[PDB]
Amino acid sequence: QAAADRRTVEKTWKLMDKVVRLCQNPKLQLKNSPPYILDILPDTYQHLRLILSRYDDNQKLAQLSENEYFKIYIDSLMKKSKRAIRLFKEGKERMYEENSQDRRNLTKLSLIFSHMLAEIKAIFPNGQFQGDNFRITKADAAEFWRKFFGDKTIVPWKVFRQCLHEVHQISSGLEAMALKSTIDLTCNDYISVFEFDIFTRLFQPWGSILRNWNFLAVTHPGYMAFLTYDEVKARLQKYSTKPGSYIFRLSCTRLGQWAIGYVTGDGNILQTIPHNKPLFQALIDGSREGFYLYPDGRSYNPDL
């Protein structure tokens, strides 16, 4: 990666501006709903400008431009922006078909940008690098990170996987790639300490984390990945005559937290945020109470 000096950061700004203009095409009919690329990219520009304002002399800019996380961040922001641009150039009119694979790929990129914004705000809070001081929520997960990586803010996927393998083995390439897509929110082949904190919060406890991840995010019909509150209500409408139908999902606005949606006996659709217990225990309890019976409306309800 190149040094993340001012010129390189400004080059990234110009690419992000082109993505914004591409996404303002009136034929796109883009809905103001998270992740909303037309808010995320300006917000990213604003936070990057804040960072530069905190590193406002030659020696400070030197430190910033050679910070390993920041160099990787800017390189990855530039690559995803070029990808977005290329998507429009190759998609042509297919970009305006709402359910085309091209538009689906735009939605994927909008999610990636949303995650990248959350990451940079977590690592440079108020524009100052704090990655070496980042506090991992789960103490046992924190001990793994510190043992193998110390105060590092970011690690290549290959290195991360090799260390994780020492604690939880992974033999399947399919499993490894699925795990990478869960952990590596920014899809840049690096695991940040922020991405590690989100993963270990969601799939706690740490001692069984691969089992928990498999049970919830791999082999569970109820798992819907990232959805908005409105999208949960809309998807569960078709199950409104099957009380006990339920799904669980992630919020791109509040990373690291699960939400559940279910159909009541009356046919109403309710949503709830489980607290102070791992999701799989909240599903166990909700099933034994008769609320969570049919994940995605299906008749097979996994048991843990």
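One rule holds for the numbers: they count along the sequence shown, beginning at 1.
When 82-90 is weighed against 197-205, 82-90 comes out higher, by mean CA B-factor as recorded in the entry. Of the two stretches examined, 15-23 and 283-291, the record assigns the greater average C-alpha temperature factor to 283-291. Within the listed group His165, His220, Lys71, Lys138, the record reports its top CA B-factor for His165. The PDB entry assigns the greatest CA B-factor among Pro274, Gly261, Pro42, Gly256 to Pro274. When the modelled residues of the chain are ordered by their C-alpha B factor, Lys108 lands in the middle third. Among all modelled residues in this chain, the alpha-carbon of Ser114 has a temperature factor (C-alpha) in the lowest third. Sorting the modelled residues of the chain by their CA temperature factor places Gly150 in the highest third. The PDB entry assigns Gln128 a C-alpha temperature factor belonging to the middle third of its chain's modelled residues. Residue-level temperature factors show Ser171 in the highest third of its chain, judged at the C-alpha atom.
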